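Report on the structure given below.
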Amino acid sequence: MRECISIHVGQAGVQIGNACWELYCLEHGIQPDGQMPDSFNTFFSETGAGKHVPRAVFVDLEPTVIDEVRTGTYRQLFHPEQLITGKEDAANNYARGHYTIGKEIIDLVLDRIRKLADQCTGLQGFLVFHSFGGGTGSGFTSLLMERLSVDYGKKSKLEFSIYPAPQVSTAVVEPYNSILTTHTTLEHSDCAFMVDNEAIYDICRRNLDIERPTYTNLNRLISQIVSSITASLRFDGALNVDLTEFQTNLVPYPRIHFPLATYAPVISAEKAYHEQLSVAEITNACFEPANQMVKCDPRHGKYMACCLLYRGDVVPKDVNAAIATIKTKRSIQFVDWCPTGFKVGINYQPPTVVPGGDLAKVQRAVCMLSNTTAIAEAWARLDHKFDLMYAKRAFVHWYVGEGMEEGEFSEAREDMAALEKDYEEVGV
Amino acid sequence: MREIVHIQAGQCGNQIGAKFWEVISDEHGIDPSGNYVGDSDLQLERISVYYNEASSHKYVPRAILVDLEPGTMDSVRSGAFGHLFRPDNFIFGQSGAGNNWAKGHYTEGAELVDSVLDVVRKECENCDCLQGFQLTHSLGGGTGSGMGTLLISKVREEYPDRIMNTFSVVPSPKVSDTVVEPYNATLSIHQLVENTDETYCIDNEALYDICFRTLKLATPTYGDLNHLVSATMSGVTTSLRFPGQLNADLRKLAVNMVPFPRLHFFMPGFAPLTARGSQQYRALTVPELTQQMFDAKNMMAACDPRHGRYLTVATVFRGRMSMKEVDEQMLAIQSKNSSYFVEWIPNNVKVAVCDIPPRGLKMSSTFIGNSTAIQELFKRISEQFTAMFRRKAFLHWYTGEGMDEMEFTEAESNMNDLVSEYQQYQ
Ligand SMILES: Nc1nc2c(ncn2[C@@H]2O[C@H](COP(=O)(O)CP(=O)(O)OP(=O)(O)O)[C@@H](O)[C@H]2O)c(=O)[nH]1
Ligand SMILES: Nc1nc2c(ncn2[C@@H]2O[C@H](COP(=O)(O)OP(=O)(O)OP(=O)(O)O)[C@@H](O)[C@H]2O)c(=O)[nH]1
Ligand SMILES: [Mg+2]
Ligand SMILES: [Mg+2]
């Protein structure tokens, strides 16, 4: 009776949908057909006798992405229509996704989630998965998030952004679209999670010892932190954490709601037998300057708040003892106004592992979503990318020709600009 | 879905076209009769991009094989994978118009332009959705440069909302099978700077040079040159034509590769190129394909990437690899060759991947790069043009048919204004 659902945008979100729903179907025992041979009430919808279907929409303008699902193995699992599909991609453009191509397809996706919303008794919020590349994940979500702000202003609006790394950028216009996308997420979304492609590489390279990590191995990790956030709802726990209180603990201010993520136990199968995983170890593993999935320096940035979500065979005393170790460490600090920066969550469900999965089966695990000033450094790098090319007036005529104005680009930077000062002011 | 027409012109395009479908028919298991025999379904899912689905579960392409003389298409009908084309799309003329641009552009093209604007207007609206327009010509001839330039000029004013592209074989001084190809190319570039938003300035000079050192073949025929260009543009479109771990269609790469409208003249590439003997010794891996495709000798064009700096590049892979080894290297490429890449635009690369490989290989890539090295190309044609234009030679073939003398000075001004912009950002 909680009804957490999940919309997906872009091949970033869709291919994560292949991971997130491969994970959930393994948790509940749902076959790939959709028919299981309560927990599923949050994410799925029961139908008929045993048929269950996910409460999601894989909206994506590029038809080549969704056809992998419609030609895949979860064909008879997903409802056919909620795999919304356009005809021409946004082509790494806020403009082509925000206004022009969006108008042709909002009618299909909005009416479907509305068919899911009213069908739900009471829903907590919708999980978004949009990348700041520039295509559907930047502009088409901007129009989508604001139309849901007016439709659903009260409800929580989560998202999981694959933020482009500062050192590496998969496309050329990522410095533009990420800066344009910052406006809709800081004003509408209640807490916006961030992930880097270069960060996840370092985890699975160093720890898991995989020098050829693929997006079916990256997203298989972001599937877990999402499951970690929602396992409090999806399953019972000795100390649960709801989304309305999850974000309440991270968000002291309305604009300061852009945390990072972390998932400590990431180890191979043979690596597991050698090293016993203790609650004080996976806890300390999260606070490393590299184990987090965002390229930043937590030592330089003061932490503001955290929600450690342990899961599996876990007890509360060693969590209470572990966090005591954290406050003693000088490398890990907290801001003066926050005496307590630790929210805690436990549940008896261990993390489920995909068969043939790089991740290992561990009796317990933890995810923590730290809100800190360390993320200002990652953004300062890309704001330098933006104003640099924007000073040259590069690639703007592709946007201006689509309909936007030159003044909008300066306003989006100004919104990001004042956002940087906020982390600096509160840091004092 | 995201369909697109396919146009030819001259000996070049129609011969490039004959092998453009030699490979794509193999990418889809299509016979020369048009029948589907391939076993995979990933290839058949997006058959609609190039093929009007014909009766008896047959498939035939858009393939507007246009030419001003029938000598080409009379050969293409007999050629392999030639029967699959539609005979209505064999738009022929009486005389080939010669190497005279104006006599292939103004009058004798206008005599035939209405016959080819209707069939494309037929195929265009017949398509559910069109991604753009795509042709294959040369800037040196009169056919590929006269009507092939008029054609796309009239298609943009009829379909300006749609992006497009063109694979123009530019002339060259060494391999110079034409005298007035400066005039033919100087006048076609006058249109292509605005009438097309991405031009792949291939040059027949390099394509021999590649095949001597890299392939080490003793008899490179025109076909063997075309097998590079045919398997090249197939890579540009493989993103939308097949599933991919990360997809870059014609629009997704054109928008983020072209910073300014005038600067859209590219140079393609193709990484795995080996003799039949030296392939076994080379283990083809992403770090080795990558260094193989950023070098000067692999890219097919008459310019030097070392001299001019890169503005934007793209690497459309066709293998089932990891994106780690891809982008860790292409950052290493920009670390080693940091001087060769422009500093204003960080991370000039636009990578793209496809899950399926081509026939026979396990991995493959294509290097599209917008550089200031092609400055030397247009800087050289303006020298050939200016020396031949200072003495008003070969003009009376242009002036008599039409083509007022003022237009020549306008063309060189734009190309001089064109290279003026490359050096401005260099
Ligand atoms: N790399 C390749 N270059 C070619 C091929 N075929 C032709 N060419 C070159 O392209 C140039 C274009 O010549 P054309 O195709 O226009 C001969 P055509 O009589 O049809 O032109 P007009 O003079 O307009 O009548 C010429 O200089 C050739 O050197 C080919 O298959 N591969
Ligand atoms: N973690 C992860 N990130 C991805 C994946 N695919 C794409 N991305 C990121 O998403 C950004 C590109 O946006 P896309 O999601 O591809 O947008 P799109 O669906 O192509 O939208 P169009 O361009 O309109 O087709 C890049 O910066 C990538 O870093 C993936 O499988 N996993
Ligand atoms: Mg896409
Ligand atoms: Mg000709």
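Residue numbers start at 1 in each chain; chains themselves are named A, B, ... in the order of the structure tokens; ligands are numbered from 1 in the order shown.
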
TODO: Produce as a ChimeraX atom specification the set of residues near ligand 1, where near means within 6 Å with only C-alpha atoms and all ligand atoms considered.
DONE: /B:10-12,15-16,96-99,138,140-144,177-178,204,222-223,225-226

Open item on the list: Near chain A, meaning an atom within 6 Å, which residues of chain B appear when counting only C-alpha atoms? Write them as a ChimeraX atom specification.
Closed with: /B:243,251-252,256,259,322,344,348,350

Write the residues of the preceding selection, restricted to C-alpha atoms, as an mmCIF file, in the first residue's frame.
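Okay, this is what ended up in out-v6.cif:
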data_model
loop_
_atom_site.group_PDB
_atom_site.id
_atom_site.type_symbol
_atom_site.label_atom_id
_atom_site.label_comp_id
_atom_site.auth_asym_id
_atom_site.auth_seq_id
_atom_site.Cartn_x
_atom_site.Cartn_y
_atom_site.Cartn_z
ATOM 1 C CA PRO B 243 20.991 -1.757 -31.832
ATOM 2 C CA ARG B 251 21.686 14.090 -36.425
ATOM 3 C CA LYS B 252 23.169 13.184 -33.037
ATOM 4 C CA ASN B 256 27.589 18.070 -31.724
ATOM 5 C CA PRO B 259 30.223 24.096 -33.917
ATOM 6 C CA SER B 322 33.722 -2.274 -23.052
ATOM 7 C CA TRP B 344 38.463 25.661 -26.465
ATOM 8 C CA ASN B 348 36.325 16.710 -28.762
ATOM 9 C CA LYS B 350 31.763 11.785 -29.749
#

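Of the listed residues A:61, A:286, A:148, A:1, the one whose atoms come nearest to ligand 3 is A:61, with distances taken using only C-alpha atoms and all ligand atoms.
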
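In this comparison, which uses only C-alpha atoms and all ligand atoms, the residue of A:115, A:130, A:75, A:70 approaching ligand 2 most closely is A:130.
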
Task: Surrounding residues of residue 39 of chain A excluding itself and chain neighbours under 2 positions, 8 Å, only C-alpha atoms, as number ranges by chain - done: A: 28, 41-42, 233-235

Emit the selected residues as a short mmCIF file (atom, residue, chain, number, x, y, z; two decimals), in the first residue's frame, including N, CA, C and O atoms.
data_model
loop_
_atom_site.label_atom_id
_atom_site.label_comp_id
_atom_site.auth_asym_id
_atom_site.auth_seq_id
_atom_site.Cartn_x
_atom_site.Cartn_y
_atom_site.Cartn_z
N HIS A 28 11.57 -10.72 -5.99
CA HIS A 28 10.27 -11.31 -5.69
C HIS A 28 10.10 -12.71 -6.26
O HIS A 28 9.11 -13.37 -5.94
N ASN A 41 3.70 -5.04 -4.37
CA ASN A 41 2.66 -4.03 -4.53
C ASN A 41 3.26 -2.65 -4.78
O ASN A 41 2.61 -1.80 -5.40
N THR A 42 4.49 -2.41 -4.33
CA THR A 42 5.09 -1.09 -4.50
C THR A 42 5.45 -0.83 -5.95
O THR A 42 5.06 0.18 -6.54
N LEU A 233 10.66 0.22 1.72
CA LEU A 233 9.27 0.08 1.32
C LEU A 233 8.99 -1.33 0.81
O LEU A 233 8.05 -1.99 1.25
N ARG A 234 9.83 -1.80 -0.11
CA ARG A 234 9.61 -3.07 -0.78
C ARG A 234 9.68 -4.25 0.18
O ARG A 234 9.19 -5.34 -0.14
N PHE A 235 10.29 -4.07 1.35
CA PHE A 235 10.41 -5.13 2.34
C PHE A 235 10.35 -4.53 3.74
O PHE A 235 10.53 -3.33 3.94
#

- [ ] Quick one: everything within 9 Å of residue 241 of chain A, counting only C-alpha atoms, minus sequence neighbours fewer than 2 positions away in the same chain. Send it as a ChimeraX atom specification.
- [x] /A:229-233,237,239,243-246,307,309,343-346
